[PDB]
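Novice: so I've got this experimental structure, pasted below with the sequence.
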Amino acid sequence: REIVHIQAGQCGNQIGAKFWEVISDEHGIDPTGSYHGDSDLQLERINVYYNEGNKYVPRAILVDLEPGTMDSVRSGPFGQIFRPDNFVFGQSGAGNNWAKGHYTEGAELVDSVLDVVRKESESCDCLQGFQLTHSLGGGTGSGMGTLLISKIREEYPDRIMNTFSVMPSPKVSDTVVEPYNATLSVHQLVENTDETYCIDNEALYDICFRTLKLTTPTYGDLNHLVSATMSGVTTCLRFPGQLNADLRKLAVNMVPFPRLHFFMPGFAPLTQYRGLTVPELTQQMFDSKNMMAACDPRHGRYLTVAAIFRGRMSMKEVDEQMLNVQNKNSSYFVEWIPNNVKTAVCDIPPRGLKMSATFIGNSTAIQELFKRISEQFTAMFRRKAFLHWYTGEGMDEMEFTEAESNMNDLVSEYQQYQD
Amino acid sequence: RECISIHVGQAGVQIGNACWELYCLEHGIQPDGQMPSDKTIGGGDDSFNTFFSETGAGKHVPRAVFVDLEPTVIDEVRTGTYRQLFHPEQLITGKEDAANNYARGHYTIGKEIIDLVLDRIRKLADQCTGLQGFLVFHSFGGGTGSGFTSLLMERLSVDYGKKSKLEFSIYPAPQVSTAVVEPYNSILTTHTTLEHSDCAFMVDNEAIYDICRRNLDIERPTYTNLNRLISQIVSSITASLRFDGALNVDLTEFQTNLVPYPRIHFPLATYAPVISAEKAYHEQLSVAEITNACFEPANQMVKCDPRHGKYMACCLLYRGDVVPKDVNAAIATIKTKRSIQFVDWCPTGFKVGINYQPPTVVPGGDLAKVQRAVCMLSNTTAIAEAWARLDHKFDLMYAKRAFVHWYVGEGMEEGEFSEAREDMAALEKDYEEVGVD
Amino acid sequence: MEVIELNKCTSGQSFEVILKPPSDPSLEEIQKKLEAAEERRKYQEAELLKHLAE
Amino acid sequence: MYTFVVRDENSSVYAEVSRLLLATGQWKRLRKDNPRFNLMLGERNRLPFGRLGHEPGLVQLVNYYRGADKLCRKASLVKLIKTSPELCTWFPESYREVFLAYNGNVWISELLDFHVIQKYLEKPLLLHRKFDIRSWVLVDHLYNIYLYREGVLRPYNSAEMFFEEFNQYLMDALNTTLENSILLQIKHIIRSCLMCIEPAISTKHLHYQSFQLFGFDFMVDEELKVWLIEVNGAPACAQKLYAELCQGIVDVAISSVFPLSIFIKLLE
Ligand SMILES: COc1cc([C@@H]2c3cc4c(cc3[C@@H](Nc3ccc5[nH]ncc5c3)[C@H]3COC(=O)[C@H]23)OCO4)cc(OC)c1OC
Ligand SMILES: Nc1nc2c(ncn2[C@@H]2O[C@H](COP(=O)(O)OP(=O)(O)OP(=O)(O)O)[C@@H](O)[C@H]2O)c(=O)[nH]1
Ligand SMILES: Nc1ncnc2c1ncn2[C@@H]1O[C@H](COP(=O)(O)OP(=O)(O)CP(=O)(O)O)[C@@H](O)[C@H]1O
Ligand SMILES: Nc1nc2c(ncn2[C@@H]2O[C@H](COP(=O)(O)OP(=O)(O)O)[C@@H](O)[C@H]2O)c(=O)[nH]1
Ligand SMILES: [Ca+2]
Ligand SMILES: [Mg+2]
Ligand SMILES: [Mg+2]
Ligand code: NA
């Protein structure tokens, strides 16, 4: 059950690169690909994200319309570990236009990328599906990313499709036209992804600014929370244990209805030598200020929830905490889905933490995020502002209208069940 | 006469490995399969030959097949101590599991592997001179356990027709790991196998789990604990087939003695005494004591209150130092101080089998060896309580049609949910008619 | 309580105490259902591939 | 903190009890269908017990004893007296054809044309004033019998009074205390019924625990002998006695299981 990782665009390539670094450390793989871990656990499911001179190579394909981002990764610490042939980029760049990526200047490279993917999928003994990282509000990963997803779905319609999509935010914005690109991407994902982890570039900032007390968070700061969250969700897949989660089972248990495949990640300790108590981890995990999506769970209701606790800790005390939360917060849990919350414990703790907790929740509150994006789109789209940059590529206002609508429907759906 | 056991899903396999281990310890067969006690090298018609076969080398091989849609579990058997014991063909693994989906294991993945498993079963049947039936062990929640099992039930009902088949299903427990869609899977597989199953013993992980916390003082029972306790219970039931006895000596005797009506083929099990091996000295419970413990819900494998249900049949199976007089005395005492009521169409009686051989506990297990034990198999309407619960759950999800799509996507149709749910609803009415006055 | 059907053997004994007296589907049909799904499934997959082509 | 779910809105007594639970600052009301309730004011009819006591890491308690309808229902009560060996002079005879075997002969032909046939108490103790002795008895999860101290006594022709006042009349008019004249037989009657049905309804080892308040009707004759009329599974309470009894119910039953005497300990 190999997972073909795929990272596109600047943001996608930056966060994906750290994700590899982090999970390589945890799995005791150094930049050269050799292994030096002290426990076999590390090598027991390493094939989920690595392929083996007894060296593990990440099963990752890097994609970009400009060399710069991919060249930095190559120069990065683990730049060696990434397979050179898996590097796949062009020179045109996407000028931050979904169009330029999903239509004009991506249709070229997309084929090249599908070839590497095909090669990775062939070697895979049992292809679990595909993992993708991108920023819904840019050009290559917003637009070209959703294009590759569609292509991928046609070739591999029996595989799980999961995306770590980085929702753009005014607090951390690059261009006025970022809402437009997000709305188009959102609708692509609604239809061609089974699982999407919404990482709001807003929240991350907040967390950093407020909690972590960082006046001028840089993109690295946000990326650091992102890599941690990533390792979290991916733990059960990487490391063996009682619950050997897989993409399909993950979708089967957390997705009551297809369109509703957007999840609010949460992590604690938000970074330290004082290991938190199992009660502490459990209260922070569900803490809004510890969720990477900028939505209040109290404003909606948890369809489904899944927790993981890495590190040595009392399994019983863990179960007790979870039970308490559910019982004290019964109103925030859908009644129609019995037992909608489940927890799992991994012995290997995150890097540099004695113990942590990762939260994955399909809350109706997630609609807040899409409402924000929809309002922005509406603001500009009501006056057709900046639309010429897309109409120049051959797009049509109607297509903007459609995507706008769909994202509103999705918002409605989350509310329906909320009430 | 021989019993081919079939293990489907993780549970089945797991529990299986356990049952077969206990069987090899009871029957003094070494892990190599070489049984020193056995003097019929590669032959004989002894009682234990019902579940084992003697090779020309003198090794004995269980007459069962371990099969799962994923391999990692059955690979453990292949790499386990009893690895030699089991023949590779007996071990049938696949590439991908049903990912917790009845429809996925029954239709999508069921068809691909159904014939291969039927072939293996058939190779076993051919080696058997007179197959008594098949013992299927599985779990309601998992999608291999439910989907693929129910498909194998229909096939075995067709290919082996007459031969009898006893179930050993694992009712879903929220405390224990469980998928959210497990109530769906449970109803579906129930409905499909309801006519393919001669007698179904359910084991609620919720009950087994608390029993391990309570008697064995285990804070977080692992599957291993739970499976060991279950194996002790299976061994008590399978012991009439594996040893010489007049009670339940063939699979038919279980249905004849315990199942009055085909739909009500689910008998509640209760076992005593469960003692912690960590305790150095344990009070030796009497025949009357163990006998009475059988009438306590804590010692039931499926929580439910028999006081509010009529009995259709009851059988007590003692293992250890137990005499008929003790049993009669305990029965009498308990009857006077117990709220035991049998249906009118049934006589108030208890078929008692006693095996002089004492209970067998695995070395280093958390179960302390006892000098006597009893396991009571009684068909009470109270078991229908466990149906209700599951049913309720289903409903709550099915009203929103939550998680249905997945199944529908596997080719299944939304109507089948209603069919299976009606059938459970009938089965719940039947229980209430037989018992509720 | 009346004990009856008392059988003694080297392995064990059994008896019966009574406190009180009392007052299919054809393989084709199986397979036909399985194949039906197949089709239904296929239909869906086709629809998806056709939406992809559009 | 504690959670409770009120499923019996018509229950006045338990309505007050749930309000007190709210007042404690340690008890909060949940959705009637919310599974994660520590306590349940189940409905008087068709209360679901098969789903109780199966919620992981949750202690569940219910304001009714499963199987207690036998003592409560008038028809089951008579059967219970007659079938039960333990259960009987204090209970007025009640009724097939044996009723005719009629052969004082009042009961409570035309009647048969129009249930149970219990001989009417032709000679009733009159203060000529007929009164009904209402006693409230609560049974916790230990099946300890407790008898609310306060009681209510609810012209005659052959053809609400407090215990204290009634006792005063007994002493002034009959030279006797309510306790020795009537209240001793009440206790014996109560214990007899409850302890008879105790094995059948005991929740000691059951996965859910139970408790329930009962109202017993007693009729005293000219000889000051108490007579059981009916047992009420969901008895109301005197308006004045409501606060004390409900508060007591909360402290003895809700609080013993879920820790945050106006009663007589018949059993303990
Ligand atoms: C938090 O921990 C995780 C849980 C899951 C989901 C999941 C999601 C849920 C849920 C239960 C389950 C659980 N489902 C399951 C599967 C097989 C079973 N067999 N027997 C019981 C049983 C139960 C996981 C075991 O495999 C999965 O992928 C599943 O409840 C509502 O949301 C995936 C993970 O990866 C990202 C994960 O890591 C973080
Ligand atoms: N008692 C016991 N219960 C088990 C065991 N393994 C799994 N379970 C139960 O199994 C249910 C899930 O079914 P599985 O056996 O895991 O599923 P499966 O048959 O492998 O089918 P898949 O879904 O494809 O993996 C849960 O409700 C668990 O409670 C076990 O080894 N012992
Ligand atoms: N055999 C008898 N002799 C004399 N009086 C009787 C009697 N049976 C009943 N009564 C009186 O008639 C009334 C009817 O009895 P019962 O208690 O059944 O009333 P009821 O049907 O309203 C139930 P409850 O009074 O508990 O609400 C009682 O209050 C009692 O005082
Ligand atoms: N968290 C995070 N967000 C980023 C990062 N880089 C860019 N972004 C966001 O990505 C959006 C712009 O997309 P970009 O990376 O430039 O996409 P591209 O056209 O494919 O390169 C902006 O909202 C930034 O907020 C990063 O490294 N980390
Ligand atoms: Ca032999
Ligand atoms: Mg950029
Ligand atoms: Mg499995
Ligand atoms: Na070009």
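Specialist: Thanks, I have it. Numbering: from 1, shown residues only, chains lettered A, B, ... in the order given. Ligands and ions are numbered 1, 2, ... in the order given.
Novice: would residue A:132 count as being in a strand?
Specialist: Yes. Assigned with DSSP: H, G, I helix; E, B strand; the rest coil, residue A:132 falls within a strand.
Novice: now for residue D:59, how many residues are close by?
Specialist: For residue D:59, the count of nearby residues is 13 (other C-beta atoms under 10 Å in any protein chain shown). Using the backbone N, CA and C atoms, a C-beta is placed for each residue, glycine as well.
Novice: the one 5 residues further on too?
Specialist: For residue D:64, the neighbour count with other C-beta under 10 Å is 24.
Novice: over to residue B:69?
Specialist: Counted with other C-beta under 10 Å, the neighbours of residue B:69 add up to 28.
Novice: ditto for residue B:290
Specialist: 27.
Novice: what helices and strands are in contact with the helix or strand that contains it?
Specialist: In the assignment (DSSP states H and E), residue B:290 maps to helix B:287-293. Judged by 3 or more C-beta pairs under 8 Å, 6 or more residues apart in numbering or on different chains; DSSP states H and E, helix B:287-293 is in contact with strand B:268-272, strand B:311-320, helix B:324-336, strand B:372-380.
Novice: which residue is nearest the centroid of the chain?
Specialist: By default, I'm working from chain A. Geometric centre of chain A, nearest residue: residue A:164, 1.7 Å, by C-alpha atoms, centre = their mean.
Novice: meant chain D actually
Specialist: Compute the mean C-alpha point of chain D, and by C-alpha atoms, centre = their mean the closest residue is residue D:214, 1.7 Å away.
Novice: and ligand 3, is the strand or helix carrying that one touching that?
Specialist: If you go by DSSP H and E, residue D:214 is part of strand D:212-218. Yes. Contact between strand D:212-218 and ligand 3, assessed by C-beta under 6 Å from any ligand atom, occurs at residue D:217.
Novice: ditto for stretch D:96-110
Specialist: Yes. Stretch D:96-110 reaches ligand 3 (C-beta under 6 Å from any ligand atom) through residue D:108.
Novice: returning to that earlier point: dig out what the residue nearest to the centre of chain D forms beta bridges with.
Specialist: Applying DSSP bridges to residue D:214 gives these bridge partners: residue D:137.
Novice: what distance do you get for it to ligand 2?
Specialist: 41 Å (C-beta to the nearest ligand atom, to the nearest Å).
Novice: one more: residue B:209?
Specialist: Distance from residue B:209 to ligand 2, counting by C-beta to the nearest ligand atom: 9 Å.
Novice: how about residue B:436?
Specialist: To ligand 2, residue B:436 is 29 Å away according to C-beta to the nearest ligand atom.
Novice: hang on, the earlier thing: the residue nearest to the centre of chain D is in contact with residue D:231, isn't it?
Specialist: Yes. In this structure, residue D:214 is within contact of residue D:231 by C-beta atoms under 8 Å, at 5.7 Å.
Novice: now do the shared contacts for these two.
Specialist: Jointly contacting residue D:214 and residue D:231 under the rule C-beta atoms under 8 Å, 6 or more residues apart in numbering or on different chains are D:71, D:72.
Novice: doesn't the residue nearest to the centre of chain A belong to a helix?
Specialist: No. Residue A:164 is assigned strand when assessed by three-state DSSP, not a helix.
Novice: thinking it is in contact with residue A:231, fair?
Specialist: No. Using C-beta under 8 Å, residue A:164 is not in contact with residue A:231, being 11.6 Å away.
Novice: doesn't residue A:34 make contact with residue A:43?
Specialist: No. Counting by C-beta under 8 Å, residue A:43 sits too far from residue A:34 to count as a contact (11.8 Å).
Novice: all good on my end, thank you.
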